[PDB]
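Enquirer: Task: produce atomic coordinates for the following.
(5 chains)
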Amino acid sequence: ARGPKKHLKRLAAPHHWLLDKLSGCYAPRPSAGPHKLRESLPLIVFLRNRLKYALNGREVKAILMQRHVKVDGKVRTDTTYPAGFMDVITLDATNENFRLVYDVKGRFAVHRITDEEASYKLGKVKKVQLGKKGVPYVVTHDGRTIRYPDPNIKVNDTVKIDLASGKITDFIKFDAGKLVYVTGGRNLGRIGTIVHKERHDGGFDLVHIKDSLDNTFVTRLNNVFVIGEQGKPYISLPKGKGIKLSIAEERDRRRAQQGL
Amino acid sequence: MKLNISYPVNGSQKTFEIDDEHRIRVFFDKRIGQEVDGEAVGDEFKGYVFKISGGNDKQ
Amino acid sequence: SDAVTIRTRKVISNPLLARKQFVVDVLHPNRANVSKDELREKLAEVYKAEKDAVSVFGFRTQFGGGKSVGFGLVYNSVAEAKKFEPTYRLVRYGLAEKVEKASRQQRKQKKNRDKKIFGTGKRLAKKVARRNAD
RNA sequence: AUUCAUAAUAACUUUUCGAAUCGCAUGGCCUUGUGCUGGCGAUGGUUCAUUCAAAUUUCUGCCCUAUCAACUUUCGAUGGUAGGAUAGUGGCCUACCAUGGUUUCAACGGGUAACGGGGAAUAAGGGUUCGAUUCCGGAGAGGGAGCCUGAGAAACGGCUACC
RNA sequence: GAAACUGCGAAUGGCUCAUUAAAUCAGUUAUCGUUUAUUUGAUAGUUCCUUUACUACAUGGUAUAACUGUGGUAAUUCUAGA
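Expert: Residues are numbered from 1 along each chain as shown, chains lettered A, B, ... in the order given. See below for the structure:
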């Protein structure tokens, strides 16, 4: 179509944004950035539809351009800057910190965090290569390039980024028996532990994951993110701790709150 | 015939109407950049060295 | 007799815009409705504001009358409310006056005539003057 | 899974890049200079990676028609070698060579009051009909062709020519 | 703060369904077969007109808009000369 598209029509935006049908014709199109647009949440959608701090786009823009909001320690005055999975956004006024993670229903939940853990983030190792002058580097899922990685770090490993100076702190190996998190497909938002990984040469390694309540599923290697060990994560989890309660199970509890 | 003439060491310019086409032929069959002689151009143009610089036709 | 009895619901303090935002529910039995100016002066004494930092809009009356639900904003100061309020709401409250402007079609036609001129136009003004003079 | 990433040697090159750019606040020091050293931006820039993409691409799946049975191939049809061109693979094109390739499991031709799909109507089940049209993909900007600029266009609220 | 240079955008959007029957398209693959402004993260101490030019880096020069003025054409977002 003669060049790249710049508009995102409503009903063609990712469903986890939960934009209402009738408010207009267009959705905020994420700009190019650290995360793929299908897997990103525009700052305007987060600040208006999630937090209700803004009432419309002009007030979103007025918030962003006065540098009250910063993502990964940088201001990002762009309305549709592509914030994405696990990114930590700091709103210094009101002294609030958020981690952008999906809830168990496949949509980004508002996840309140403290400053000490707002200071860091985790990156999934997407590539390991030798750069220029024969210098190895790793590439994370958010497009970060970290030179001089630990030689034990391999593909689909996890690293912890200091997020103030983008330097490696420690890594986690992809191995059996370790808590993982599915980041795509219909298992998006689930948290579990690796049971075993099946090879399937020629494409799409699969991994078997067991939930806390002993619910087992299998998923593609591309959509599996390591967050820590069993019962001890490196990220605070939102309400529900990734369990996927069944329909009648959610029914009786929701009546327990409201309908008694 | 109109003549838009400029003297550029002092930045002056003026228009003339030099009729009697039987003597305008010093400009005829001469291109831009070629030198004409002002002696036949007029009586007041004694010793001037006019270089052709441009012009506009009818239309 | 009147019993306006304003109630204020869903109040969040938003120092990002340096305001407070809320839904406002008015019970006005035996009355058509309450004016937005009256809402502003009521919330002025509710939040000890200056009555120009208070802005209200929305205000749909329910079927059958007696109750209306709308939106309210109480800013921290007058100038700070001026910086974030829309021009139409400020004109609605009188804090600002609508500017003098021709219609949108008039502006567009003027801009299209501006496109057809290169430069200031004083050169061509005098040239066409000396031409149409004869 | 690479003649991969890298790295080395020998040279080559209308020698690419390697900051003559801008705002704000302007501190600290010794050497009595208007000396030294100073922040935070901003713009720019070579490769790599990422992202938004694009291009090509594997397999399988389209309505009616035989009163369409053979089609393609001298004028590229099918394949090989080499070269040229391209961002790149490739008959994409060129030279030479071979005679191949499709087809009653319907090729090729003809028709469509055919853009395709998500879908719509009706429907016990199985089905039938519709889908120009709110989303996705494609194509076009009176009809053709050509091209500049640009990362990206064979663009038309760009240009050039013909009708 | 008009005008103008520079930069960026104008290839998005919107409209339509004429063409088009393995074509488009759909699901599913591939690039170990390529281009990719932009964003983001990294990344450049190596440069004696590209060597008798060690004849400025406390920082090279040239050439033009707008503008001033003289003009053409009935007419175009035409433009000539200085």
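Enquirer: Need the residue closest to the centroid of chain C.
Expert: Geometric centre of chain C, nearest residue: residue C:89, 1.2 Å, by CA atoms, centre = their mean.
Enquirer: Return the residues of chain C in contact with chain A.
Expert: C:12, C:14, C:15, C:16, C:17, C:21, C:84 (CB under 8 Å from any CB of the partner chain). C-beta coordinates here come from the backbone N, C-alpha and C atoms, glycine included.
Enquirer: biggest separation within those, which pair?
Expert: C:12 and C:84 (15.1 Å; CB to CB).
Enquirer: who has more neighbours, the two?
Expert: residue C:84 (16 against 11; other CB atoms under 10 Å in any protein chain shown).
Enquirer: Domain ranges for chain A, per the record?
Expert: Listed domain ranges for chain A are A:1-116, A:121-171, A:174-244 (source: CATH domains of a matching chain).
Enquirer: near RNA strand E, anything from the longest one?
Expert: To tie it back to what came earlier, the one meant is domain A:1-116. Yes - judged by CB under 7 Å from any atom of the strand, domain A:1-116 comes into contact with RNA strand E at A:1-7, A:9, A:25, A:31-34, A:74, A:76, A:81.
Enquirer: same question, the shortest one
Expert: Yes - under the criterion of CB under 7 Å from any atom of the strand, RNA strand E is reached by domain A:121-171 at A:132, A:137, A:142, A:143, A:144, A:145, A:146, A:147, A:166.
Enquirer: picking that back up, if you rank the residues of chain C next to chain A by neighbours, which is first?
Expert: residue C:17 (23 neighbours).
Enquirer: now stretch B:15-26: how far from the chain's centre is it?
Expert: 8 Å (CA atoms, centre = their mean, to the nearest Å).
Enquirer: Same question for stretch C:118-127.
Expert: The chain centre lies 41 Å from the centre of stretch C:118-127; the measure is CA atoms, centre = their mean.
Enquirer: Can you give the contact residues for it?
Expert: Outside stretch C:118-127, the residues that touch it by CB atoms under 8 Å, 6 or more residues apart in numbering or on different chains are residue C:117.
Enquirer: got the residues of chain C near RNA strand E?
Expert: Counting by CB under 7 Å from any atom of the strand, chain C sits next to RNA strand E at C:114-116, C:118-124, C:126-127, C:130-131.
Enquirer: Make JSON lines from those residues and add distance to RNA strand D and neighbour count to it.
Expert: Listed next are the residues of chain C next to RNA strand E as JSON lines, based on distance: CB to the nearest atom of the strand, whole Å; neighbours: other CB atoms under 10 Å in any protein chain shown:
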{"residue": "C:114", "distance to RNA strand D": "14", "neighbour count": "9"}
{"residue": "C:115", "distance to RNA strand D": "11", "neighbour count": "8"}
{"residue": "C:116", "distance to RNA strand D": "13", "neighbour count": "6"}
{"residue": "C:118", "distance to RNA strand D": "16", "neighbour count": "8"}
{"residue": "C:119", "distance to RNA strand D": "21", "neighbour count": "7"}
{"residue": "C:120", "distance to RNA strand D": "24", "neighbour count": "8"}
{"residue": "C:121", "distance to RNA strand D": "22", "neighbour count": "11"}
{"residue": "C:122", "distance to RNA strand D": "27", "neighbour count": "8"}
{"residue": "C:123", "distance to RNA strand D": "25", "neighbour count": "10"}
{"residue": "C:124", "distance to RNA strand D": "23", "neighbour count": "12"}
{"residue": "C:126", "distance to RNA strand D": "30", "neighbour count": "10"}
{"residue": "C:127", "distance to RNA strand D": "26", "neighbour count": "10"}
{"residue": "C:130", "distance to RNA strand D": "31", "neighbour count": "9"}
{"residue": "C:131", "distance to RNA strand D": "28", "neighbour count": "8"}
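Enquirer: farthest-separated two in these?
Expert: Greatest spatial distance in the residues of chain C next to RNA strand E: C:115 and C:130, 25.0 Å, computed using CB to CB.
Enquirer: Could you pull out the helices in chain B for me?
Expert: Secondary structure of chain B by DSSP state H: the helices cover B:38-41.
Enquirer: which residues in it form strands?
Expert: B:2-7, B:12-17 (DSSP state E).
Enquirer: Just send the ones you listed back as JSON lines, with distance to residue A:254 and mean neighbour count too.
Expert: Formatted as JSON lines, the strands of chain B follow (distance: least, CB to CB, whole Å; neighbours: other CB atoms under 10 Å in any protein chain shown):
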{"stretch": "strand B:2-7", "distance to residue A:254": "90", "mean neighbour count": "12"}
{"stretch": "strand B:12-17", "distance to residue A:254": "90", "mean neighbour count": "9"}
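Enquirer: Which one of those strands lies nearest to chain C?
Expert: When the strands of chain B are compared by CB to the nearest CB, strand B:12-17 sits nearest chain C, at 11.3 Å.
Enquirer: For chain C, see how far away the most centrally placed residue in chain A is.
Expert: Centroid-nearest residue in chain A, with CA atoms, centre = their mean: residue A:85, separated by 1.4 Å. Look at residue A:85 and chain C: by CB to the nearest CB, to the nearest Å, they are 25 Å apart.
Enquirer: give me phi/psi at that residue?
Expert: Note on residue A:85: backbone dihedrals following degrees, to the nearest 10 are phi -60, psi 130.
Enquirer: Now for it: which residues touch it?
Expert: Residue A:85 makes contacts with A:35, A:39, A:100, A:101, A:102, A:141, A:142, A:183, A:225, as judged by CB under 8 Å, 6+ apart.
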